[PDB]
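First, one chain by itself in structure tokens, the form deposited in one PDB entry.
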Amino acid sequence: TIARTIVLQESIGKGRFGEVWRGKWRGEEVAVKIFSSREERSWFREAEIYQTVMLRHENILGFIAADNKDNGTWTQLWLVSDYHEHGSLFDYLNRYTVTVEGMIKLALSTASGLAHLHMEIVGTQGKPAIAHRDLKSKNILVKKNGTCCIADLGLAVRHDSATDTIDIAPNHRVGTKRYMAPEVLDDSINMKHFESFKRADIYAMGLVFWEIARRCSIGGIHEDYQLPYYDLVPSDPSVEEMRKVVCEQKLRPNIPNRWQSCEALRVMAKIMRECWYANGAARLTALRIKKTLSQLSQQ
């Protein structure tokens, strides 16, 4: 009833483990991620994450189903989700500049999705706290209304507050190196504490906020698109290269001088700095960040 009735139309590209396609399901556009049989573990883990109780949120990618498709020779392992025509936040920020209102929209919805991810919800159909672990602009999508939704949950960790355990045994350093928190880079992260994974998501989100803010154009003035640490490391940096910059030299992305001329940019810059603390225990929470950008948004 699902993979049976879906026609693939266009190749999007390979992920860590999957190949992504644009497909058609009942005349509607969907995204389809296809794995070989030897990638059964990645496919299953990812399907498990996206089928978490109470996960659905406007700012989290809309999961449709997991399925199998036998073509006659081999079996494909399918995941299916909503299609988003604008693509990644990364793509978006390269194409366009944003207004003040538009900057706040992208940062607020991102913060809102992450806060929902991080929030343990109680009750019968309770939702466990989840940490993403590969948060970045390429793993966030922009919807038709100009709001973000978070994607690429396959590396996430879920926390059972009952037994105080995480649902997988985490091998260290899984995400994108450029966006790794200092405690991840120098290998001092305490992984017996689930809050540690939340604090590393926040550091990465700060970097994403910086990527957004650069493209906020006020009166014609803006910076062009760069990734964080574009000025400090090569395109595919190693962990040792990041560690020397982030941990040893203790550098962060530069806050432009002009961001003091506007209140929105001044608040966003303040937020970034409180995501970038070398000490994860003193960083803002996604919920705290959500509240601040909410109050900012109504001015």
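A residue's number is simply how far along the shown sequence it sits, counting from 1. In this text, the rigid core denotes the largest set of C-alpha atoms whose superposition between the two forms falls within 1.5 Å.
Undergrad: Checking the other compared PDB entries, only those that cover the residues flanking it, does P170 lack coordinates in at least one third?
TA: Other entries vs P170: at least a third skip it.
Undergrad: Given the B-factors recorded for C-alpha atoms, which segment has the greater mean, 164 to 172 or 80 to 88?
TA: The deposited B-factors put 164 to 172 ahead on the C-alpha mean.
Undergrad: Can you tell me whether 207 to 215 has a higher mean C-alpha B factor than 118 to 126 in this record, or the other way round?
TA: Comparing averages over the C-alpha atoms only gives 118 to 126.
Undergrad: I'd like to know which of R273, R45, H57, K250 has the highest C-alpha temperature factor in the PDB entry.
TA: Largest recorded C-alpha B-factor: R273.
Undergrad: Per the coordinate record, which of the options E240, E40, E29, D70 holds the highest CA temperature factor?
TA: Each of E240, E40, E29, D70 was compared by C-alpha B-factor; the highest is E240.
Undergrad: What third of its chain's C-alpha B-factors does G102 belong to: lowest, middle or highest?
TA: Its C-alpha B-factor belongs to the highest third of this chain's values.
Undergrad: Using the B-factors in the PDB entry, rank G220's C-alpha atom against the chain and give the third, lowest, middle or highest.
TA: According to the entry, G220 has a C-alpha B-factor in the chain's highest third.
Undergrad: What third of its chain, lowest, middle or highest, does the C-alpha temperature factor of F194 fall into?
TA: As the PDB entry reports it, the C-alpha B-factor of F194 lands in the highest third of its chain.
Undergrad: When the deposited Cα B-factors of this chain's modelled residues are ordered and cut into thirds, is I255 in the lowest, the middle or the highest one?
TA: Highest third - that is where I255 ends up once the chain's C-alpha B-factors are sorted.
Undergrad: What third of its chain, lowest, middle or highest, does the C-alpha temperature factor of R22 fall into?
TA: Answer is lowest: the recorded C-alpha B-factor places it there.
This next part talks about the form deposited in another entry, which is not shown.
Undergrad: Of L155, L207, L77, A200, only one moves its C-alpha by 2 angstroms or more between the shown form and the other one once the rigid core is aligned, so tell me which.
TA: By this measure, the answer is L77.
Undergrad: For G280, state whether the C-alpha moves by 2 Å or more between the shown form and the other one after rigid core superposition.
TA: No, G280 moves less than 2 Å.
Undergrad: Superpose the two forms on their rigid core, then report whether the C-alpha of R16 is displaced by 2 angstroms or more between the shown form and the other one.
TA: Comparing forms between the shown form and the other one, the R16 CA shifts at least 2 Å.
Undergrad: Core aligned, does the CA of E248 move at least 2 Å between the shown form and the other one?
TA: False for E248: its C-alpha shift is below 2 Å.
Undergrad: Distance change of 3 Å or more between the C-alpha atoms of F35 and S137 in the other entry: closer or farther compared with this structure?
TA: Residues converge in the other entry, at least 3 Å closer.
Undergrad: Between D134 and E39, do the C-alpha atoms lie closer or farther in the other entry than in the shown form, with a difference of 3 angstroms or more?
TA: Compared with the form shown here, the C-alpha atoms of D134 and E39 sit closer together in the other entry, by 3 Å or more.
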